[PDB]
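Here the Cβ positions follow ideal geometry from the backbone for every residue, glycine too, while neighbour counts run over all protein chains shown. Each value in this text was obtained by applying a stated rule to the coordinates, not by laboratory testing.
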Amino acid sequence: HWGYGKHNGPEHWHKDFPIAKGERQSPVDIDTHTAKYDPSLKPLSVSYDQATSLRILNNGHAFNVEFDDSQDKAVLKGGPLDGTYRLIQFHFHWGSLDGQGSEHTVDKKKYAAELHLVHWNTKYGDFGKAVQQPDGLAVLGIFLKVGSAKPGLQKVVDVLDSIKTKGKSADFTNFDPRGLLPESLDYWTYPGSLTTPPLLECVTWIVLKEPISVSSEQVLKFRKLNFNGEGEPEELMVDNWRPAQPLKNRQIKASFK
Ligand SMILES: [Zn+2]
């Protein structure tokens, strides 16, 4: 049902998913003039050395690069987090134009795309249980701008032809998500939600300040994906982003001065 089209986009989601109008919805605009440095944040720890990618899937809204999350292979800890969060998948949101595509915004600026590395809190045993908890997930968000190519993204780009349409998957082993990180791990953090239905308010968001650069050709290949299934009318998978939601009774904290 829901999507990013003319008649089922974000402004409609509340009908089936009333938390869309909830108190802790994501994404949000990050106002760098009101986010306050929090000296209590602990150091943030990205431990991806043992990550095991498995597969890439076009799910009809984005594509997910999936990982083995049956052991502590690729974990996020530190920062605002208590305990250990295991990487389950990453995916992106992107635009039809280089001036839009991100979900979070920074002083109202939209980036060309946004990467979400999704992790679940191991204290809840599995992802499906974790999403029912306010501290169930930690999502590392990374902005993409168009400029230089990102060499560590090219393996993703090159497999997209094999998953053009909804429901297609491909083997995708030995991919290193460290190749998608910027140099700095400085971040903003706030409590929020999944940005797609069911929009559950289970996420500690960790949004990196430093964007990564991807080339025009890399983003153009994202924009060749399809929302539709094979044999259905072609609808390019573009503008698969939810706009900023009201901050309400939340504060955004910065890890850096
Ligand atoms: Zn996302």
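Using the Cα atoms as the points, what is the convex hull volume per residue of the range 24-119 in Å³?
Taking the convex hull of the Cα positions in the range 24-119, it is 134 Å³ per residue.
Give the relative contact order (percent, whole number) for the chain; include only Cα pairs under 8 Å separated by 6+ residues.
26 percent.
Karplus couplings for the range 116-131 from phi (6.51 cos²θ - 1.76 cosθ + 1.60, θ = phi - 60°), rounded to Hz, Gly and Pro as x?
Calculated HN-Hα couplings, in order: 10, 9, 9, 10, 10, 6, 5, 5, 9, x, 8, 4, x, 6, 4, 5 Hz.
Do you know the relative contact order of the range 149-250, to the nearest whole percent, from alpha carbon pairs under 8 angstrom that are 6+ apart?
Working: 125 pairs, mean separation 29.9, N = 102.
After rounding, I find 29 percent.
Please arrange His116, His14 by how many other C-beta atoms lie within 10 Å of their C-beta, fewest to most.
If I rank by nearby Cβ atoms, fewest first, I get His14, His116.
Of all alpha-carbon pairs in the chain, indicate the percentage at a distance above 35 angstrom.
8 percent
Kindly provide the helix-only [θ] at 222 nm of the chain, computed as the sum of -39,500 (n - 2.57) over DSSP H runs of four or more divided by all residues, to the nearest 500 deg cm²/dmol?
Values: 3 runs with 17 residues, N = 257.
Helix contribution divided over all residues of the chain: -1500 deg cm²/dmol.
Could you list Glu210, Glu201 so that the one with the fewest beta carbons within 10 Å of its beta carbon is first and the one with the most is last?
Ordered by Cβ neighbours within 10 Å, fewest first: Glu210, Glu201.
Pairs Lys6/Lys36; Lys109/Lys150; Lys6/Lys166; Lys73/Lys110: which exceed 26 Å Cα-Cα? All intermediate terms of the calculation are to be shown ahead of the outcome.
On the way: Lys6/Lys36 38 Å; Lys109/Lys150 21 Å; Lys6/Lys166 18 Å; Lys73/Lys110 33 Å.
Flagged as over cut-off: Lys6/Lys36; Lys73/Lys110.
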